[PDB]
Structures are given as structure tokens and as C-alpha cells.
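Undergrad: Quick one: this structure, given as C-alpha cells, is what I'll be asking you about.
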Amino acid sequence: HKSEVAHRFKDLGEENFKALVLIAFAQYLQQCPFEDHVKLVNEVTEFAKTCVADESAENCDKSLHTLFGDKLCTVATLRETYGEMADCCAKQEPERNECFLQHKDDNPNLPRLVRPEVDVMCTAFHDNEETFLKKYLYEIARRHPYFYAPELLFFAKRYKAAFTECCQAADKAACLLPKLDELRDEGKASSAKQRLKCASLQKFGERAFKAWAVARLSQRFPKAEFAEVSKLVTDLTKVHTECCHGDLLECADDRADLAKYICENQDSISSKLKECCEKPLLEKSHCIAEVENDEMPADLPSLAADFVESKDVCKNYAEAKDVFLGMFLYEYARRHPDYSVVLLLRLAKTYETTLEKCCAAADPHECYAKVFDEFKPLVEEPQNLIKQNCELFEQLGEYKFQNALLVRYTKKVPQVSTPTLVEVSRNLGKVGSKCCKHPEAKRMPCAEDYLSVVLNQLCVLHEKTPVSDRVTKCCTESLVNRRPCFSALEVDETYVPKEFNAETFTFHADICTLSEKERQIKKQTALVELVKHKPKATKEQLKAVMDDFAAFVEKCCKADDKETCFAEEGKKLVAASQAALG
Ligand SMILES: CCCCCCCCCCCCCC(=O)OC[C@H]1COP(=S)([S-])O1
Ligand SMILES: CCCCCCCCCCCCCC(=O)OC[C@H]1COP(=S)([S-])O1
Ligand SMILES: CCCCCCCCCCCCCC(=O)OC[C@H]1COP(=S)([S-])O1
């Protein structure tokens, strides 16, 4: 452990070094221009080469935290642009690093990234691949300062990948846009996931974390023994506390350590891990984290014998409540890779509650004999909601399913601003489209994965700008209750129709030719506004107005005077619609 900077440089290679160093700096020095970072990354890459050459070269023996910090404190911008972050520079490691970390801006205040036009991207990528890509890595990293830098990097490669394939196809646009689309969505899910995982530990607590991890691991590693699973829970629990409450390097090593452990112990954990364990170490923690579930062992006993029929049920649980509960979780989850983790947690909490009651009562065995019956309707409630929505998704297709949702949710919580309802409803559609393509057995974990981030960003947004007690309630509920709390929102009976504003419902020739996304958003925006303005309109009535709007758009995009048609036919569409909805 002589020269840490050389150790990493060799561990990572030059390409990954420079990328990670670029990200690391963009994440802390979020306002600085790209070229300033690129100079900081050269300076640091040049400097690191020496340490690979001569470990006893100067400064090469310094810790990474020290090097990184020294480097941050050299930037001329520091006090002017980052205020008190400059003050971290008067402190010594380890409090200097700690200080640098407390001052990172959760939400930078920056314009969004304009997806440029496909010509422009493919030309930049041809003309100057390095700068194109890295500039986008900086832009994303500065906008996502907590995003675990090696997770960013893995995205970048997929981007690059898409550009290689797509920048040389006939119809570049249609090779690439769906790839950019999926990647954008995945990238957001992924950053949102990480915010959720660190928030949820503070919020829901450590017992819940462990309960989540147990469930999750056990589905993935169903051949593993409770002992091995428990061990993994504990290290993963540590690992998450370091990645959430600590900095990059603590986390990377904590992660390489768990990965290393896992790869040494594969036969005790999973037969599915060999591809991952022969990845370069950087990718190794990631590949593991995304591995398929190992096959269940065959002929697994029913859980009745250990958890219901045994007369030691109350004794074994009392001896150690959490251990028995976790073993419950382990057994239930390894058998059910088809459940969301969170459903598995509802199940275990129902069991726990059932045991706290029954173990005190006159005849404990009799009282908890019906506990597995308590499970059926917990399991079947999300299996039925998936089925209903995926049937509907099939019928309507993504866009009209998003429109069905908008109406549903606008009537639920009509106080939510219109863009948020649009985004959220577009995102829920994207989730449907994603998860409904999986078979029934993979629907629930999928849904849990994306919904959990959709719903948590909704709650992060709404916390900032509360407009509903009902949304607050769902956002502050327990882990197991949040989603069912959302599913139980009803139509808001007390809401006062929004006032009519004719401009809102005016439309132009442009709507005929805008990009698909753009065109949808404008229509969906207006649909939200319509439900806000006419919240007691029936489905039949809203379909009538949407059928008219449809006919209006189709006519005015076939007209030769489009500008005139849109102002005149649209005047009349409005008038008709106002009379129709009283
Ligand atoms: C402001 C509007 C926000 C709307 C959010 C409403 C709740 C989302 C309902 C989505 C329907 C999809 C099916 C479904 O909910 O099941 C998902 C599984 C995954 O975790 P669980 S709680 S076991 O349920
Ligand atoms: C996944 C990569 C590493 C392997 C397992 C890591 C364990 C993750 C630790 C706990 C994460 C908790 C996040 C959470 O509480 O999710 C909220 C869910 C439950 O209902 P919904 S609203 S669908 O969202
Ligand atoms: C009563 C106040 C005035 C309201 C007049 C409102 C008419 C327009 C309302 C927004 C448009 C409804 C949303 C809608 O267009 O979606 C339906 C589908 C039908 O085919 P497309 S044109 S691809 O869009």
C-alpha cells in the first residue's frame, strides 16, 4: 500500500482512471467549465504516471484523499465560486475530506441537457470522440454529484456503444433515438435508485434495511444457507452505510471487498456468478449486483413445518425475534423470486404481528394456524393490480395508457402541477411498457424496481412543494405501505375546478410535425388541464372531447391553410367542449 495513486492507476488503467478522476472532480466542482476539469485531469494523469514508474517519486506516497484534497485546494475559483468549501482547505485530513463532502450541492442549479440533433451528435462523435463523450460525462456527473462514479462510467460505455453502432446506419435517427431513450430512462432510474437507497436507510431504519437485504439476497441466492445470507446482509449493510454516509474511495474498496468475498465463495452463494467474477474488478461489484437469480433448489419443503405446525414456533421466535423472522424471510423469499421484496416484507411483518399476538394468547398454536391464509390477499393484491394495468397497457399501447393514467391521477391529486402529472404519468407508462413485457413471474420485481424510483422522486419533489396531505401521507408512511398507500388514493371530492383559460386550449400548426415526444407532451399537458378544469367529466364525456380533438388535429394537419384551420376549428372545438361538459 505504498503509493495509492499508482495502485489505482494500475487497478483501473488509464482510460478508467481519467474518466473517474473527471467525474470525481466534476461532482465536487460543479460550476467549473469543462476545459478546467480537463486540465485538472491531465495534471492528475501526468502526475499519476510517475508513481507507476517510481513509487518513491515525490508525493506518490501520499494518500489519495490527501492528493485529491490538495488538488481541490489549488483551484483558483474555489473561494469565489464555492464560498466556504475553500474553508475545508484550512483543515487537515481526515476532517478536510469530511468537510469537502458536506459541502457538495445535492441539487445543482443548472440548465438541462438538450439532446442535440442526431447529425450533430454523430458528427461530434466522428470529429472528436474524446471531447464529445467526456464533456457529456462531465455534464452528467456535475448534475449528479452523489451518483457513484463507477456506476456513471458503466453508462458511458453503453452510450459510446450506441454511437458506434448507430452513427453509421442509414436512418441514424431510428437506430439511435430508442437507444438514447432507453438509456436516458435507465440513467435516471439508476440515480434515483441510489437516492432512494441512501434516503431509505435514515427514513425507514436499519432493521428494515436488513430485512430488505435478506429478502433480496435470498431471492437471488436461493442455494445459499441462511448463515451465508446473513453474513452477506451484514457486509452489504456496512457497504451501503459507507457509500451513503462516506466518500467515493471508502465505498469503492468496501465494494471490491464484498465482491472479492463473493467470488471466493461462489459455491456457497450462486452457480450464476462465473461470468461476473471474471470481469475486471471495476465492473465486478456491478455485474454481481445485477446477476440473474440462481435456480431454486428442487422439492423445497413447505414453510408450514418450521413456521406454523412446530410447537417450538413461539419458543424459537422468542429466543431471538429478528433471527427467526429473517430465517422466515430467507425461506419465503428464496421460494418466491416472483414477489417484490417489499411484498415479502409485508408477509414477514404480518407473520411477526401474528406471532406477537398469538404467542401471548391462551392456545398459541391454534391462533397462528391461519397465518399463511393472511398471506394470500397480500400476495394477490399486487398480482391483480399488475394484471389489470398490463391488460390495459396491451389494449391501449404506451401513449393511450399514459393518457388513461393522466386522467386517473389528475382526478386523484389535481393540485399537483401539470408538468409533474405529465412526467409521472409518462414514467408510469414507461414502467408498464417495460414490466408488462416480462412474464407474470417477473412482473412484480420489475414493477417494484421502477415504481419505487418513480414514486420516490414524486415524494422528493412534493416534499419540496407540498400540495396534498394525501401525497404527504403516502410519502411518510412505512416502507411496506407507501405503494399501497398510493394505490388507495381516491378521486379528490373537495377539489375546486381550475378556471378556464382559453390560451391553455389553443393549438398550432406545429403540433402536426413536432417530434413524437414533443407532440405527446403538449396534448397530454392539455388533457391534464382539461381534467383540472372539468374534474367531474365522465369517461364518456372525456372520450367525446378527445375524439373531437383527434378529428380536429387530423383535419387541420391535412388543411393547406394550417394556421387558419388551427385558430378557427380550435375556437370551435373549444366552444363545443365547454358546452358539452356544462
Ligand atoms: C400523483 C400520481 C402518482 C401515482 C402512483 C400510483 C401508484 C402506482 C400504481 C401502479 C400500478 C402497477 C402495478 C402495481 O402497483 O404493483 C407493483 C408491485 C411492486 O411492489 P408492490 S407494493 S408488491 O406492488
Ligand atoms: C441492488 C444492488 C445491491 C444488492 C441489494 C442492495 C439492498 C438495498 C438496500 C435497501 C433499499 C431500500 C429501498 C426501498 O426502501 O424501496 C421502496 C420501495 C418499496 O415500495 P415501492 S413505492 S414500489 O418502493
Ligand atoms: C372545456 C374547456 C376547453 C377544452 C377543449 C379541450 C380540447 C383539447 C383538450 C386536450 C386534448 C386531449 C388529449 C388528447 O389529445 O389525447 C388523445 C389522442 C387522440 O389522438 P392524438 S391527436 S395522437 O391524441
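Residue numbering restarts at 1 in every chain; chains get A, B, ... in the order shown in the C-alpha cells, and ligands count up from 1 in that same order.
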Taking 4 positions as the minimum chain separation for residues in the same chain, which residues sit within 8 Å of stretch 267-273 of chain A when counting only C-alpha atoms? Answer as a list in words.
TA: residues 221, 222, 223, 224, 225, 228, 262, 263, 277, 288, 291, 292, 293 and 294 of chain A
Undergrad: Write out as a PyMOL selection string which residues come within 10 Å of residue A:457 when counting only C-alpha atoms, dropping same-chain ones fewer than 5 positions away.
TA: chain A and resi 189+192-193+195-196+424+451-452+462-463
Undergrad: Considering only C-alpha atoms and all ligand atoms, tabulate each residue of chain A that lies at most 6 Å from ligand 3 along with its nearest interatomic pair and the corresponding distance in Å to one decimal; arrange the rows by chain and ascending residue number and present them as JSON lines.
TA:
{"residue": "A:505", "atom": "CA", "partner": "ligand 3", "partner_atom_place_in_ligand_line": "6 (C)", "distance": 5.6}
{"residue": "A:523", "atom": "CA", "partner": "ligand 3", "partner_atom_place_in_ligand_line": "15 (O)", "distance": 4.7}
{"residue": "A:524", "atom": "CA", "partner": "ligand 3", "partner_atom_place_in_ligand_line": "13 (C)", "distance": 5.4}
{"residue": "A:526", "atom": "CA", "partner": "ligand 3", "partner_atom_place_in_ligand_line": "10 (C)", "distance": 4.2}
{"residue": "A:527", "atom": "CA", "partner": "ligand 3", "partner_atom_place_in_ligand_line": "10 (C)", "distance": 3.9}
{"residue": "A:530", "atom": "CA", "partner": "ligand 3", "partner_atom_place_in_ligand_line": "9 (C)", "distance": 5.7}
{"residue": "A:545", "atom": "CA", "partner": "ligand 3", "partner_atom_place_in_ligand_line": "7 (C)", "distance": 5.9}
{"residue": "A:546", "atom": "CA", "partner": "ligand 3", "partner_atom_place_in_ligand_line": "12 (C)", "distance": 4.7}
{"residue": "A:549", "atom": "CA", "partner": "ligand 3", "partner_atom_place_in_ligand_line": "8 (C)", "distance": 5.4}
{"residue": "A:550", "atom": "CA", "partner": "ligand 3", "partner_atom_place_in_ligand_line": "22 (S)", "distance": 4.2}
{"residue": "A:553", "atom": "CA", "partner": "ligand 3", "partner_atom_place_in_ligand_line": "22 (S)", "distance": 5.6}
{"residue": "A:574", "atom": "CA", "partner": "ligand 3", "partner_atom_place_in_ligand_line": "5 (C)", "distance": 4.3}
{"residue": "A:577", "atom": "CA", "partner": "ligand 3", "partner_atom_place_in_ligand_line": "1 (C)", "distance": 4.8}
{"residue": "A:578", "atom": "CA", "partner": "ligand 3", "partner_atom_place_in_ligand_line": "1 (C)", "distance": 3.8}
Undergrad: Applying 8 Å and only C-alpha atoms, which residues near stretch 240-249 of chain A remain after dropping the ones on its own chain fewer than 5 positions away? List them as a list in words.
TA: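 Listing them by chain and then by number gives residues 101, 148, 149, 198 and 254 of chain A.
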Undergrad: For residue A:322, which residue among A:360, A:118, A:208, A:344 is the nearest when counting only C-alpha atoms?
TA: A:208
Undergrad: Report as a tab-separated table: every residue of chain A with an atom at most 9 Å from ligand 2, its closest pair of atoms, and their distance in Å to one decimal, counting only C-alpha atoms and all ligand atoms, with rows sorted by chain and ascending residue number.
TA:
residue	atom	partner	partner_atom_place_in_ligand_line	distance
A:193	CA	ligand 2	13 (C)	7.6
A:194	CA	ligand 2	11 (C)	8.7
A:196	CA	ligand 2	13 (C)	5.6
A:197	CA	ligand 2	11 (C)	4.4
A:198	CA	ligand 2	11 (C)	7.6
A:199	CA	ligand 2	13 (C)	8.1
A:200	CA	ligand 2	15 (O)	5.2
A:201	CA	ligand 2	12 (C)	7.0
A:203	CA	ligand 2	15 (O)	8.9
A:204	CA	ligand 2	15 (O)	7.2
A:208	CA	ligand 2	10 (C)	7.8
A:209	CA	ligand 2	10 (C)	4.9
A:210	CA	ligand 2	9 (C)	7.4
A:211	CA	ligand 2	10 (C)	8.4
A:212	CA	ligand 2	10 (C)	5.4
A:213	CA	ligand 2	7 (C)	4.6
A:214	CA	ligand 2	7 (C)	8.3
A:215	CA	ligand 2	7 (C)	8.9
A:216	CA	ligand 2	5 (C)	6.1
A:217	CA	ligand 2	5 (C)	6.6
A:233	CA	ligand 2	7 (C)	8.4
A:236	CA	ligand 2	6 (C)	6.9
A:237	CA	ligand 2	9 (C)	7.7
A:240	CA	ligand 2	9 (C)	7.3
A:285	CA	ligand 2	3 (C)	8.8
A:286	CA	ligand 2	2 (C)	8.0
A:288	CA	ligand 2	3 (C)	8.2
A:289	CA	ligand 2	2 (C)	4.6
A:290	CA	ligand 2	2 (C)	6.9
A:340	CA	ligand 2	23 (S)	8.1
A:341	CA	ligand 2	19 (C)	7.6
A:342	CA	ligand 2	19 (C)	5.2
A:343	CA	ligand 2	20 (O)	8.3
A:445	CA	ligand 2	23 (S)	8.8
A:447	CA	ligand 2	23 (S)	6.7
A:448	CA	ligand 2	23 (S)	4.0
A:449	CA	ligand 2	23 (S)	6.6
A:450	CA	ligand 2	23 (S)	7.3
A:451	CA	ligand 2	23 (S)	4.8
A:452	CA	ligand 2	24 (O)	3.2
A:453	CA	ligand 2	24 (O)	6.6
A:454	CA	ligand 2	22 (S)	7.9
A:455	CA	ligand 2	22 (S)	5.4
A:456	CA	ligand 2	22 (S)	6.7
A:474	CA	ligand 2	22 (S)	8.9
A:475	CA	ligand 2	22 (S)	8.7
A:479	CA	ligand 2	19 (C)	5.5
A:480	CA	ligand 2	20 (O)	6.0
A:481	CA	ligand 2	20 (O)	7.2
A:482	CA	ligand 2	22 (S)	5.2
A:483	CA	ligand 2	22 (S)	4.2
A:484	CA	ligand 2	22 (S)	7.9
A:485	CA	ligand 2	22 (S)	8.8
A:486	CA	ligand 2	22 (S)	8.1
Undergrad: Between A:72, A:142, A:11, A:442, which one has atoms that come closest to residue A:253, using only C-alpha atoms?
TA: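 Using only C-alpha atoms, residue A:253 sits closest to A:11.
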Undergrad: Which of these residues is nearest to ligand 1, using only C-alpha atoms and all ligand atoms: A:392, A:422, A:385, A:406?
TA: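 For ligand 1, the nearest of the candidates is A:385.
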Undergrad: Extract the full set of helix (DSSP H, G or I) residues from stretch 240-416 of chain A according to DSSP on the backbone, and format it as a VMD selection string.
TA: chain A and resid 240 to 245 248 to 264 266 to 269 271 to 277 281 to 289 304 to 309 313 to 319 321 to 335 341 to 358 364 to 367 371 to 412
Undergrad: Name all residues at most 12 Å from residue A:363 (count only C-alpha atoms; drop same-chain ones fewer than 5 positions away) and give them as a PyMOL selection string.
TA: chain A and resi 311+314+357-358+368-369
Undergrad: Just give me the gap between atom CA of residue A:104 and atom CA of residue A:473 in Å, one decimal is fine.
TA: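 Taking atom CA of residue A:104 and atom CA of residue A:473, their separation equals 29.8 Å.
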Undergrad: If we count only C-alpha atoms, what is near residue A:111 at a cut-off of 12 Å, once residues fewer than 4 positions away on the same chain are taken out, given as a ChimeraX atom specification?
TA: /A:31,107,139-140,142-143
Undergrad: Output N, CA, C and O atoms for every residue in that selection, as a PDB file, in the first residue's frame.
TA:
ATOM      1  N   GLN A  31     -19.537  23.883 -10.709  1.00  0.00           N
ATOM      2  CA  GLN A  31     -19.663  25.044 -11.563  1.00  0.00           C
ATOM      3  C   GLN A  31     -18.551  25.252 -12.528  1.00  0.00           C
ATOM      4  O   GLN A  31     -18.631  26.135 -13.352  1.00  0.00           O
ATOM      5  N   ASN A 107     -28.536  19.314  -5.087  1.00  0.00           N
ATOM      6  CA  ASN A 107     -29.142  19.797  -6.304  1.00  0.00           C
ATOM      7  C   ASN A 107     -28.421  21.022  -6.854  1.00  0.00           C
ATOM      8  O   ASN A 107     -28.614  22.149  -6.355  1.00  0.00           O
ATOM      9  N   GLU A 139     -20.846  16.794 -17.821  1.00  0.00           N
ATOM     10  CA  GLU A 139     -22.177  17.380 -17.694  1.00  0.00           C
ATOM     11  C   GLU A 139     -23.115  16.559 -16.810  1.00  0.00           C
ATOM     12  O   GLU A 139     -23.914  17.116 -16.044  1.00  0.00           O
ATOM     13  N   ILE A 140     -23.043  15.246 -16.941  1.00  0.00           N
ATOM     14  CA  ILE A 140     -23.930  14.374 -16.207  1.00  0.00           C
ATOM     15  C   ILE A 140     -23.466  14.286 -14.814  1.00  0.00           C
ATOM     16  O   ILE A 140     -24.273  14.326 -13.929  1.00  0.00           O
ATOM     17  N   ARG A 142     -21.626  16.404 -13.031  1.00  0.00           N
ATOM     18  CA  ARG A 142     -21.828  17.602 -12.246  1.00  0.00           C
ATOM     19  C   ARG A 142     -23.264  17.703 -11.819  1.00  0.00           C
ATOM     20  O   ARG A 142     -23.524  18.150 -10.720  1.00  0.00           O
ATOM     21  N   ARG A 143     -24.179  17.209 -12.654  1.00  0.00           N
ATOM     22  CA  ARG A 143     -25.610  17.237 -12.368  1.00  0.00           C
ATOM     23  C   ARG A 143     -26.053  16.117 -11.441  1.00  0.00           C
ATOM     24  O   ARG A 143     -27.137  16.149 -10.908  1.00  0.00           O
TER      25      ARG A 143
END
Undergrad: My list of candidates is A:582, A:297, A:439, A:429. Which is closest to ligand 1 when distances are computed with only C-alpha atoms and all ligand atoms?
TA: A:429
Undergrad: Using only C-alpha atoms, can you tell me which of A:134, A:497, A:122, A:554 comes closest to residue A:162?
TA: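 That would be A:122, the residue with the smallest distance to residue A:162.
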Undergrad: At what distance in Å, to one decimal, does atom CA of residue A:36 lie from atom CA of residue A:84?
TA: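 Taking atom CA of residue A:84 and atom CA of residue A:36, their separation equals 20.4 Å.
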Undergrad: Quick one: residues within 12 Å of residue A:171, only C-alpha atoms counted, chain neighbours fewer than 6 positions away excluded, as a list in words?
TA: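 Once the adjacent positions are removed, what remains is residues 118, 119, 165 and 177 of chain A.
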